[PDB]
Amino acid sequence: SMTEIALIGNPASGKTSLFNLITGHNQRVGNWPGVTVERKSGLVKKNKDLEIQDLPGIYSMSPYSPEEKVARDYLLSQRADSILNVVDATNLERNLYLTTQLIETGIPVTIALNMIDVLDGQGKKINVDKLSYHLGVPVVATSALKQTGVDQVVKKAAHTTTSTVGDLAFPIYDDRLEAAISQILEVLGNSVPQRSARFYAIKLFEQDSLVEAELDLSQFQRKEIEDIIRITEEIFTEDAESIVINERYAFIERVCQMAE
Ligand SMILES: CNc1ccccc1C(=O)O[C@H]1[C@@H](O)[C@H](n2cnc3c(=O)[nH]c(N)nc32)O[C@@H]1COP(=O)(O)OP(=O)(O)O
Ligand SMILES: [Mg+2]
Numbered sequence: 000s001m002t003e004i005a006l007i008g009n010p011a012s013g014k015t016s017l018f019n020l021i022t023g024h025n026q027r028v029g030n031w032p033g034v035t036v037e038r039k040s041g042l043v044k045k046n047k048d049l050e051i052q053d054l055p056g057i058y059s060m061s062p063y064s065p066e067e068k069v070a071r072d073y074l075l076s077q078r079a080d081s082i083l084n085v086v087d088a089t090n091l092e093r094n095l096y097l098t099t100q101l102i103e104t105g106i107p108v109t110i111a112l113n114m115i116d117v118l119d120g121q122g123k124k125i126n127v128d129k130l131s132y133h134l135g136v137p138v139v140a141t142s143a144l145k146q147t148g149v150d151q152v153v154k155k156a157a158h159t160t161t162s163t164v165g166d167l168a169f170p171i172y173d174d175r176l177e178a179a180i181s182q183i184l185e186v187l188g189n190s191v192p193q194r195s196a197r198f199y200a201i202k203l204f205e206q207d208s209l210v211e212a213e214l215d216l217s218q219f220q221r222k223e224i225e226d227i228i229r230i231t232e233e234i235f236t237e238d239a240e241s242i243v244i245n246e247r248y249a250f251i252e253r254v255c256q257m258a259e
C-alpha cells in the first residue's frame, strides 16, 4: 500500500518548488472530477512507495472557491495518510491560519517550515522545536532554494500518519468556544466520523453552507445547533464566523509568542 501524503499550503509558500524537488520531473497532471482545477501528483523520487498528492494553494478551507472545495473534499475523504503543510516562515502567523484548519481534519499534519533561508536574511528567528511543541505537530525547517530539510520533512510526514498517530492534539480555543464545540459534537452523535468530528462541529458553528447542505441532520439536531450558536454569539457579542476567526488568530499568536 502506497503512503499518500497530501501537500498543501498558501499560495507563494514554496509548495510547487518543494513538490518539484520531492518528485523531480516524474509527475502526473489532470483535473479534479467535474471541475477545471488542476489535479497533480508524483511519487517521491527517493522513495517511490510514497505518493505526493499536490493540492491547490489556499489560505483557508472556506466554501467560496473551487480550489478550497477540492482541498477540503479530498482531506475529508480520508484517502490521505498524512498532510505535509508547507508554511512560509517569513509570514508565519498568516500561514498558520490554514494550518489550524488542517489539524482539525484529523489527518496528522507535518509542517515544512519553508523559506527558512529568507528568514535568516531578514534578521528574524523561529525556534523550531518550540513551534512544534506548541502546535502539537512535527516541524522541519526547509529551504526549497538552498535544497535543505526536504528529505527530512518527507521522512517525518511518511511516519506521521492516520495509522501511526493516536489521539488528536487539536488547537484548544477559549473555554466558551470549546463549550459550543462540545455541545455540537453531542448533537452530532455518529452523523460524522469521530476523526473529523471537530472539523464538522466548527464548520457547523460558523454556518458553513457546504457542510450544512451535505450533512443529513434531523430537525432536532438543527434546533440544538441553532440554540448553541445563538447563546454563544450572545456571550461573545460577536457573530459566529468572527468568533472562530478571532480564536484561530489568538491561538496562533499565543503559539508564536511561546515559540520565540
Ligand atoms: C523566476 N523566479 C523568480 C524570480 C524572481 C523572484 C521570485 C521568483 C520565484 O520563482 O519565486 C518562487 C520561489 O522560487 C521562491 N521560493 C520557494 N521556496 C523558497 C525557499 O525556500 N527559499 C527562497 N529564498 N525562495 C523560495 O518563492 C517563489 C514562490 O514559490 P512557489 O513554489 O511558486 O510557491 P507556491 O507553489 O505558489 O506555493
Ligand atoms: Mg529549539
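Using the authors' numbering, read the sequence shown as starting at 0 and increasing by one per residue. Don't be surprised by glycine CBs; every beta carbon is placed ideally from N, CA and C.
For residue 167, same chain residues with a beta-carbon under 8 Å away, outside a window of 5 residues either side, are 102, 105, 194 and 197 in chain order.
The closest CA to that of residue 72, considering only 51, 80, 60 and 200, is found on 60.
If you check the C-beta of residue 129 against ligand 2, you find a heavy atom less than 7 Å away. In the three-state DSSP reduction, residue 237 falls in the coil class, being neither helix nor strand. With a beta-carbon spacing of about 6 Å, residue 175 and residue 234 fall inside the 8 Å limit used to define contacts. Residue 113 and residue 85 have their C-alpha atoms spaced approximately 6 Å apart. Proximity to residue 152 across 237, 127 and 238 peaks at 127, based on C-alpha coordinates. The beta-bridge partner set that DSSP reports for residue 196 is empty. In the three-state reduction of the DSSP assignment, residue 213 falls in the helix class. A residue is called buried once 16 or more other Cβ atoms fall within 10 Å of its Cβ, and residue 28, having fewer, is exposed. Taking C-beta separations shorter than 8 Å and ignoring five residues to either side along the sequence, the partners of residue 227 in its chain run 179, 182, 183, 186 and 204, following chain order. For residue 23 against residue 94, the beta-carbon gap comes to about 26 Å, at or over 8 Å, which does not count as contact. Annotation for residue 237: 245 place their beta carbon closer than 8 Å to its own, counting only its chain and skipping 5 residues before and after. Exclusion of residue 123 from the 7 Å shell around ligand 1 follows from its C-beta lying no nearer than that to any non-hydrogen atom of the ligand. The criterion of a C-beta distance shorter than 8 Å is satisfied by residue 4 and residue 80. Residue 61 is not bridged by DSSP to any residue. For the beta strand (DSSP E) assignment, the uninterrupted runs of no fewer than 3 residues enclosed by the stretch 97 to 129 are, from N- to C-terminal side, 108 to 113. Following the DSSP letters along the chain, one finds residue 30 in no alpha helix (DSSP H) but inside the beta strand (DSSP E) bounded by residues 26 to 30.
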